[PDB]
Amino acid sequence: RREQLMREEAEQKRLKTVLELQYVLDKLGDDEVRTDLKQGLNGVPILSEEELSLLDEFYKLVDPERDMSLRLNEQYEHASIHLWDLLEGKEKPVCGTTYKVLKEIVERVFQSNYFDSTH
């Protein structure tokens, strides 16, 4: 019953991580950001064209365009599952890779501290 409160804290931290991820993926639409990440801070890249492609492709899944076939409460089912699986870092296929690989990529982007500075 301290485990429930620990669960709540975990869920909140997960929400925070999701928000941060949404911010990053949103910024990955900028050509400056993309180049600056494709090059390093000194020719040791945080990202490669393949990884960045994987992120664009996952981005397609988690921020889908409104499909007129779906009700609003249906639109983000797969998105929610994609984000949750990403958080879990599972070895289940997605895009051209697994959620584990993607989670690692997101990890390197986060830990580069690129988004702590301004460029």
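Numbering starts at 1 and follows the sequence shown.
The mean Cα B-factor in the deposited entry runs higher for 48-56 than for the other of 48-56 and 68-76. As the entry records it, the average C-alpha temperature factor is higher for 33-41, out of 33-41 and 85-93. Sort the modelled residues of the chain by CA B factor and residue 9 lands in the middle third. Compared with the other modelled residues of the chain, the Cα B-factor recorded for residue 107 ranks in the middle third.
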